[PDB]
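Contents: one structure, followed by commentary.
Computed over heavy atoms, backbone and side chain alike; hydrogens, waters and symmetry mates excluded. Lettering of chains follows the sequences in order, A, B, ..., and the numbering in each one begins at 1.
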Amino acid sequence: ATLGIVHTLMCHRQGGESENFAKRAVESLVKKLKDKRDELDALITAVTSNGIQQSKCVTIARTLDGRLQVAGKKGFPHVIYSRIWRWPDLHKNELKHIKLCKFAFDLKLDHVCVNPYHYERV
Amino acid sequence: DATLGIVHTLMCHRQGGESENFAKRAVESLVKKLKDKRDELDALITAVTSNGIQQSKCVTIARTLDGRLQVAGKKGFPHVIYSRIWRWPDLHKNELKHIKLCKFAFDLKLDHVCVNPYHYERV
DNA sequence: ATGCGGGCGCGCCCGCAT
DNA sequence: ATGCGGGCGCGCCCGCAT
Ligand SMILES: [Zn+2]
Ligand SMILES: [Zn+2]
């Protein structure tokens, strides 16, 4: 059942990462939201409507140094998912969170919002 | 750094059953674990450089949850790894039996595991 | 009913970029 | 000299051989 969800999210990718990298990052996030139906629904809504339909934060636990590893490569979780679904050429320090983003990376909370439509490019 | 001399003398006694990178990494890892265990580092050097003729006490490392130790991306049992490096280059998984005086043998399922290759026998 | 195995990531740490 | 990104290991996870 998560295969359908993963595939649907994968079709909205921009191609800034390898197929293996994007698949692994999407599967990892979906698994983290397994018992967070509201946040999984928010991600699907945000991604499949290309941000037109409003959504709440999609959060994952923050690691000791803030970085997330996917297929042997480390990076910030909000940059990883914003690079997958919105800016394929995205670099570090090119993101500013929106006013309504309660769990932004900049806020240095226990959890980090990875909703790509909760960030803006600079 | 003084540990270079120790890693070299222990490398001389390698049998060639593993790659240079694997042997170097495994020996460096063990030496680092014995950093504040002078008696156990001395026991290992004594055992290895005398080819087991000079008696030695147990050379122990902390046991991991599943017993396995990872070296250069490859997992295996710590007592089999070091027994393969200095004694039996063709050594496989359940080919080892500890000696009577081995107090921390793998087989005893204790907190610490003896990796002294001269504290085991082949079957 | 276990225990391999092997994939994979966070935490630790080294050695390399600055 | 030394802070920091990238390599690597133990723990977790899970399928399958034993
Ligand atoms: Zn948000
Ligand atoms: Zn022993």
Side-chain angles (χ1 to χ4, degrees), chain A residues 1 5-6 10 17-36 58-63 65-72 74-81 83-84 90-91 93-95 103 105 108-114, chain B residues 1-4 6-8 18-23 26-34 36-37 59-64 66-85 91-92 94-96 104-115 123:
Chain A
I5 298 168
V6 168
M10 277 296 286
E17 291 291 341
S18 72
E19 216 285 326
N20 172 237
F21 187 95
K23 182 193 169 186
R24 273 301 318 137
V26 175
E27 284 180 305
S28 166
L29 174 54
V30 171
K31 189 190 181 189
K32 278 172 200 183
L33 310 169
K34 195 182 147 75
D35 300 289
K36 288 202 261 188
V58 179
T59 80
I60 64 157
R62 187 185 291 263
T63 67
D65 70 323
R67 293 192 301 171
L68 160 69
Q69 191 191 115
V70 179
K74 275 182 202 157
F76 293 131
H78 70 306
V79 175
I80 287 154
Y81 297 102
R83 191 181 289 123
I84 292 163
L90 199 77
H91 296 307
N93 318 318
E94 276 163 26
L95 293 179
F103 290 96
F105 187 91
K108 287 176 201 76
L109 291 174
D110 257 21
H111 285 72
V112 188
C113 179
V114 296
Chain B
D1 77 338
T3 67
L4 280 161
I6 300 168
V7 173
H8 173 243
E18 291 291 336
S19 72
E20 217 288 325
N21 174 236
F22 183 98
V27 175
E28 283 181 307
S29 169
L30 176 53
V31 170
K32 190 186 160 192
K33 278 173 200 181
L34 309 169
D36 203 3
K37 288 201 261 189
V59 178
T60 81
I61 64 159
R63 169 190 296 272
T64 67
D66 70 323
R68 295 191 302 171
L69 159 70
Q70 191 189 116
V71 180
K74 309 128 192 178
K75 275 182 203 154
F77 294 128
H79 70 306
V80 173
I81 287 154
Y82 296 103
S83 293
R84 190 177 234 196
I85 292 164
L91 188 81
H92 296 307
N94 312 302
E95 276 162 28
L96 294 179
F104 290 97
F106 177 83
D107 342 77
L108 299 179
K109 285 181 149 279
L110 291 174
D111 263 10
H112 294 86
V113 186
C114 179
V115 296
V123 295

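- Taking atom CD of residue B:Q70 and atom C1' of nucleotide C:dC12, one finds them 14 Å apart after rounding to whole Å.
- Atom CG of B:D66 is separated from atom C1' of C:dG3 by 10 Å (rounded to the nearest Å).
- Considering only residues two or more places apart in sequence or on other chains, B:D1 meets the side chain to side chain donor-acceptor pair (under 3.5 Å) condition with B:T3.
- Nucleotide D:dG6 carries a south-puckered sugar, as indicated by a negative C1'-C2'-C3'-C4' torsion.
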Using a cut-off of under 3.5 Å, enumerate the N/O to N/O pairs linking the protein to nucleotides 13-18 of chain C.
{"from": "C:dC14", "atom 1": "OP1", "to": "B:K32", "atom 2": "NZ", "distance (Å)": "3.1"}

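- Across the protein-nucleic acid pair, A:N93 atom CG and D:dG5 atom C1' stand 14 Å apart, rounded to whole Å.
- To the nearest 0.5 Å, atoms CG (B:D107) and CG (B:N94) are separated by 10.0 Å.
- Atoms CD1 (B:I61) and P (D:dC10) sit 8 Å apart, rounded to a whole Å.
- In this structure B:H112 satisfies the side chain to side chain contact (heavy atoms under 4.5 Å, CB included) test together with B:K37, B:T60, B:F104, sequence neighbours excluded.
- One can place CZ of B:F77 at 4 Å from P of C:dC4, the figure rounded to the nearest angstrom.
- Here A:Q69 contributes atom CD and A:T63 contributes atom OG1; the two are 10.5 Å apart, rounded to the nearest 0.5 Å.
- In terms of modelled atom types and a separation under 3.5 Å, the side chain of B:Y82 and the main chain of B:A26 share a donor-acceptor contact.
- Closest to the A:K74 side chain, of the nucleotides D:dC10, D:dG6, C:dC4, is D:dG6.
- The shortest distance between side-chain heavy atoms of B:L30 and B:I61 falls below 4.5 Å.
- Interatomic distance, A:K32 NZ to A:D35 CG, rounded to the nearest 0.5 Å: 14.5 Å.
- Taking the side chain as every heavy atom from C-beta outward, A:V114 and A:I80 never approach each other to under 4.5 Å.
- Rounded to an integer number of Å, the gap from A:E27 CD to C:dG9 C1' is 15 Å.
- Atoms NZ (A:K23) and P (C:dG9) sit 12 Å apart, rounded to a whole Å.
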- Message: Just to be sure I follow the notation: if a pair is Watson-Crick (purine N1 to pyrimidine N3 plus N6-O4 or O6-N4) or a G-U wobble (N1-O2 and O6-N3), each under 3.5 Å, what dot-bracket string does DNA chain C give, with | for pairs to another strand?
- Response: ||||||||||||||||||
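- In this structure, the CZ atom of A:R62 is 13 Å from the P atom of C:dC10, given to the nearest Å.
- Side-chain contact between B:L96 and B:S83 is present, with heavy atoms from C-beta onward closer than 4.5 Å.
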